[PDB]
Each structure stands twice: as structure tokens, then as C-alpha cells.
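Some notes on the structure that comes next.
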Amino acid sequence: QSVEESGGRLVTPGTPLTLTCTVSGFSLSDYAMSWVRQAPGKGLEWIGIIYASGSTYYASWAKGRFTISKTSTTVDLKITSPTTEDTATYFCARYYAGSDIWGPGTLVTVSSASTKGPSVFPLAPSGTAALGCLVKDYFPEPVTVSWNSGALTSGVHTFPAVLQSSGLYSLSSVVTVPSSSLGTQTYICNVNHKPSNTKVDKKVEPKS
Amino acid sequence: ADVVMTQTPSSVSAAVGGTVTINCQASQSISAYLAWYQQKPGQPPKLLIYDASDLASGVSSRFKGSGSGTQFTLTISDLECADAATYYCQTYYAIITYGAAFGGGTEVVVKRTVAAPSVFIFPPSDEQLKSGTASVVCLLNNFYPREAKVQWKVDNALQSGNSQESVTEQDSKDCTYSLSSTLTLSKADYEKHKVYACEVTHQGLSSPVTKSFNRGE
């Protein structure tokens with residue numbers, strides 16, 4: 004039994020947006036489902052629930068601002084007239100005794116700003132050495148970073164994004180490795196910014 | 003009106019092996035219809051406890067729920083670095099009448115011995131300089147506690163207003179933090195100065211550590 008949210012994207016204020024929760028391994032004729040959201044850095048907020056028999060109930064602030072509906076195997080959340088209060092990760096969750104099955108979430112960004120893909124720059128290494136990638140000037144969130152296609156995980160730190168005063172995000176990802184490996188191993192950061200279709204592999208090496 | 007769950011404190015701490023206590027107060031009686039969740043950074047919430055005191059399958063009995071009516075507690079014993087997370091309660095009493103609000107959350111901070119950061123400085127890449135901007139990065143790796151002081155100097159002049167810090171959450175194995183401080187200058191300004199220096203002060207360092215480079219060397 005699992006669920007997965009989709010449809011989170013950048014939208015301009017006032018543009019209705021529908022998110023979808025796909026369910027698997029249980030029936031919506033047997034279980035109620037809720038939608039929950041979480042603004043960056045903030046808490047969980049219960050939006051509403053749709054019971055097996057179809058009745059919907061909303062938090063007091065959600066009434067008239069969201070519509071929950073369902074098909075035989077999906078649950079939708081329509082955000083009637085998005086504002087920046089609606090920039091958040093949205094989750095669907097199965098109700099049984101509390102909410103037991105949750106999806107990974109889908110991210111909604113409400114803004115008039117345009118999508119922009121990042122530039123990726125090396126943080127070049129100077130018995131433990133550090134190296135990294137600077138992922139600069141992108142919009143909206145999110146970006147993911149891996150190292151050596153996921154083969155390098157020990158010692159990796161990918162920092163939370165910062166919103167710069169320009170309105171664009173930045174982050175770095177770093178890793179510490181043995182200094183003796185700089186001459187012999189290859190270190191590549193794999194950067195993905197799905198909103199702009201950007202996927203970059205950057206080899207990071209000592210500067211000559 | 004919707005039930006309100008008042009969750010306190012906003013953060014709670016104990017050493018590895020210790021115990022913390024997290025409280026929720028419901029605005030009216032919700033009987034035993036209360037759940038507790040753990041949320042690690044980047045992940046969805048995970049159900050720990052339902053019906054106030056029943057463990058979700060697979061969850062460690064280190065997590066104990068108690069209470070009824072209007073007062074509930076989550077007690078986490080034998081604390082581990084992997085317990086560093088935010089925890090939430092939620093009502094599910096009579097949702098059709100009262101909603102299913104979450105409490106505001108409580109962070110858990112897992113305490114450990116002092117660990118000094120390793121410090122590294124990175125000059126801007128030549129590629130970035132083509133943009134007309136230079137980013138200089140100072141990395142503080144794997145330190146505890148969180149408090150750390152980063153000083154930037156350019157040709158021995160103290161800088162402020164042109165840097166931003168980012169910090170990771172506590173590592174799930176070693177309880178440490180890592181931190182980046184990024185100084186942003188125009189290329190034009192970067193090329194007017196020679197010495198770029200990051201000086202770090204931290205409880206684990208007997209005196210401050212400075213990492214520096216000379217532009218062009």
C-alpha cells in the first residue's frame with residue numbers, strides 16, 4: 004500500500020491548480036484520504052478529508068479555497084485561487100487510526116517569476132579533502148544533487164537552499180574524501196532541476 | 003469550531019541515551035483519538051503512535067504515548083542521533099465536527115560531546131567569473147554544538163551584509179551539523195582585492211582557525 008502525489012508546479016497567483024494523489028495496494032472504497040500541506044520551514048496543516056462514500060470535510064480556512072474530489076483510484080486537490088500562502092509541499096495520506104500511509108509530497112510555488120535553471124560551478128579541492136558543487140541562481144525549488152550517480156554517499160552534505168535577495172535560490176553540495184584520492188578517483192556532481200529540465204554532471208577536480 | 007492542538011515545548015533536548023518528553027493539549031476533550039508522527043528532514047511524516055498509546059507496526063517501543071482527554075505526552079527514551087527530527091501530534095476525534103488539526107511541532111536536539119569543525123575555503127571558479135559575480139565559500143564540516151562564528155575579511159577589512167549561511171540538520175549517525183558561509187561579490191570588486199579569509203570560532207577549537215587564499219595564486 005502506497006500513494007504518490009503529482010502536479011505540484013510553479014503557477015501564477017490566481018491560476019487554479021489541481022494536484023493528484025495516486026493510490027496503490029488499497030481501495031478508496033475502503034478508506035478515507037486527507038490532504039495536508041507544509042510551507043517551507045513550517046508545520047503540518049490538515050486541509051481536508053474525503054470519506055469512502057464521498058463526503059468531503061475541510062478545515063475552517065480551507066472551505067471554499069480548495070476542492071477535494073476522487074476517482075476510483077486517485078484523489079485530487081484543486082486550489083481554487085492560489086496565493087503565496089499556498090506555496091507549500093502537499094501530501095496525501097490514508098486515514099485509518101490516524102494517517103498511516105503518506106506520499107513523498109509535491110511542491111507548489113505561487114509566483115509571477117519565471118522558471119530559471121541553475122548554473123553549476125566547482126568547489127575545487129585545495130588527510131581529508133573537501134570538494135563540492137555550487138548550484139546557483141535557480142527558480143522555483145527544488146534541486147537535487149547526487150555524487151558519482153549515487154555511488155558516493157558517505158560524507159556528503161547538501162545544504163538547504165537559500166533564497167537570495169534576487170528572488171533566485173542557491174545551494175551547495177559538498178563531500179569530504181581522502182586527500183590521496185584526488186589524484187586517482189573521479190568526483191562528479193549530478194544536479195537535477197526538473198522545473199527547468201536541467202540535468203548537469205560536473206566533474207570537480209583540483210585546479211591546475 | 004475546529005479543535006486546536008497546543009504542542010509544547012517548541013524544542014527539547016537530551017543526550018544520546020537520554021529521554022525527552024513532548025506535550026500536546028487539546029482545546030476540548032478528544033478521548034484517546036490522538037496520533038504522534040516523526041518527520042525527518044526532506045521526508046513525509048511517519049506515524050509512530052495512534053489511539054494515544056498504541057505503537058504503529060515496526061516502531062520501536064522507545065516511543066511511548068500517554069494521556070487522554072485534553073492532555074497527551076510522547077516520551078522518547080534511549081535517544082539516538084537518528085531521532086533528531088520534528089514530531090507532531092494530531093487529533094482525529096469526530097473529524098466531521100472538529101477537523102483533524104496537527105499540533106505546531108517540536109524539534110528534538112540530540113546532545114553529544116563537543117566536536118570541532120574542519121574548515122575549508124573555496125575560491126570562485128574561473129567559469130563563474132564570466133557571469134560578473136564571484137562566490138567565495140567557507141565550509142565548516144561536522145561540528146557540535148550548533149553555535150559557530152564565521153568571520154570574513156577581505157584585505158583585512160571585516161565584511162558583513164554580503165554573506166549567507168546555510169546549515170544542515172543533525173547527522174543521523176554522529177549528531178553533528180555542517181555549515182556553509184557564502185560571500186558574494188561582483189567580479190569587479192573581487193578583482194580589486196587580494197586576501198580572502200574565513201576565520202572560525204567554535205567551542206571545540208582552542209583558538210580560531212583561519213583558512214585563506216590569495217586571488218590569483
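So the protein lines, in turn, are chains A and B. Quick note, the first sequence lines up with residues 4 to 211 if you use the working numbering. Quick note, the second sequence lines up with residues 3 to 219 if you use the working numbering. A virtual CB, placed ideally from N, CA and C, is assigned to each residue, including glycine.
Run down chain B in chain order and give the residues with a C-beta less than 7 Å from the C-beta of residue i.
| i | result |
| --- | --- |
| A:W105 | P46 and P47 |
| A:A100 | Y52 and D53 |
| A:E144 | Under the 7 Å cutoff, chain B gives no residues; its nearest Cβ is about 12 Å from A:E144. |
Of all the options the options, which has the alpha carbon lying nearest to the alpha carbon of residue i?
| i | options | result |
| --- | --- | --- |
| B:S168 | A:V178, A:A100, A:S102 and A:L174 | A:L174 |
| B:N158 | B:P119, B:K151 and B:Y198 | B:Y198 |
| A:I71 | A:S27, A:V194, A:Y34 and A:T21 | A:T21 |
| A:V6 | A:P19, A:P16, A:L13 and A:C24 | A:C24 |
| A:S75 | A:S152, A:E48, A:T118 and A:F29 | A:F29 |
| residue 2 of chain B | B:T10, B:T135, B:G218 and B:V112 | In the structure displayed, chain B extends from 3 to 219; residue 2 of chain B sits before or after that span and is not available. |
| B:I98 | A:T87, A:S27 and A:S58 | A:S58 |
| A:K205 | A:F162, A:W150, A:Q188 and A:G170 | A:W150 |
| A:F162 | B:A86, B:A58, B:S182 and B:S162 | B:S182 |
| B:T88 | B:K42, B:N216, B:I32 and B:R148 | B:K42 |
Taking 9 Å as the CB-CB cut-off, is residue i touching chain B?
| i | result |
| --- | --- |
| A:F124 | yes |
| A:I52 | yes |
| A:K139 | yes |
| A:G108 | yes |
| A:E88 | no |
| A:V39 | yes |
| A:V165 | yes |
| A:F94 | yes |
Suppose the cutoff is 6 Å on Cβ atoms and the five residues either side in sequence are ignored; what does the same chain contact list for residue i look like?
| i | result |
| --- | --- |
| B:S174 | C83 and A84 |
| A:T131 | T179 |
| B:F124 | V139 |
| A:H160 | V177 |
| A:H196 | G120, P121, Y141 and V146 |
| A:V194 | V123, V138, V148 and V203 |
| B:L207 | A118 |
| A:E48 | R40 |
Are any of the Cβ atoms in chain A nearer than 9 Å to that of residue i?
| i | result |
| --- | --- |
| B:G107 | yes |
| B:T75 | no |
| B:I24 | no |
| B:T8 | no |
| B:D85 | no |
| B:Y95 | no |
| B:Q27 | no |
| B:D191 | no |
| B:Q166 | yes |
| B:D53 | yes |
| B:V14 | no |
| B:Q130 | yes |
| B:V139 | yes |
| B:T212 | no |
Give the interface partners of residue i over in chain A, defined as CB-CB distance under 8 Å, in chain order.
| i | result |
| --- | --- |
| B:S182 | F162, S175 and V177 |
| B:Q92 | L47, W49, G101 and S102 |
| B:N143 | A133, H160, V177 and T179 |
Going by DSSP, name the residue or residues bridged to residue i.
| i | result |
| --- | --- |
| A:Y172 | A:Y141 and A:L166 |
| B:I32 | Partner(s): none; B:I32 has no beta bridge. |
| B:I51 | B:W38 and B:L57 |
| A:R40 | A:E48 and A:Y93 |
| B:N25 | B:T10 and B:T75 |
| B:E201 | B:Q153 and B:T212 |
| A:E8 | A:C24 |
| A:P125 | A:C136 |
| B:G105 | Answer is none; B:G105 lacks a bridge partner. |
| B:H195 | DSSP output for B:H195 lists no bridge partner at all. |
| A:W150 | A:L155 and A:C192 |
Just to confirm my understanding: we take residue i, look at its own chain, exclude 5 residues before and 5 after, and list those with CB closer than 8 Å. What are they?
| i | result |
| --- | --- |
| B:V6 | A28, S29 and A103 |
| A:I82 | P19, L20, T21, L22, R68, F69, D89 and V111 |
| B:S214 | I123, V197, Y198, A199 and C200 |
| B:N143 | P119, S120, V121, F122 and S180 |
| A:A35 | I52, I53, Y54, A55, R97 and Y98 |
| B:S209 | none |
| B:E193 | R217 |
Name the chain B residues whose beta carbon is nearer than 9 Å to that of residue i?
| i | result |
| --- | --- |
| A:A62 | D4, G101, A102 and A103 |
| A:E48 | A103 and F104 |
Name, please, each residue of chain A whose Cβ falls closer than 7 Å to the Cβ of residue i.
| i | result |
| --- | --- |
| B:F122 | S129 and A133 |
| B:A150 | Simply none; closest approach about 14 Å. |
| B:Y89 | Correct list: empty, because the minimum Cβ distance to chain A is about 11 Å. |
| B:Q161 | Here the premise fails: no neighbours, minimum Cβ distance about 16 Å. |
| B:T115 | What B:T115 touches in chain A: nothing, since even the nearest Cβ is about 20 Å away. |
Residues of chain A with CB under 9 Å from residue i, in chain order?
| i | result |
| --- | --- |
| B:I98 | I52, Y54, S58 and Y60 |
| B:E201 | Chain A residues near B:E201: none, gap ~16 Å exceeds 9 Å. |
| B:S127 | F124, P125, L126, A127, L137 and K210 |
Under 7 Å Cβ to Cβ from residue i, same chain only, skipping five residues before and after it: list those, please.
| i | result |
| --- | --- |
| B:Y146 | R114, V116, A117, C177, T178 and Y179 |
| A:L185 | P128, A132 and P209 |
| A:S63 | none |
| B:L131 | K189 |
| B:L50 | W38, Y39, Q40, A58, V61 and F65 |
Are the C-beta atoms of residue i and some chain D residue less than 9 Å apart?
| i | result |
| --- | --- |
| A:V14 | Judged by its chain identifiers, the structure shown contains no chain D, and its protein chains are A and B. |
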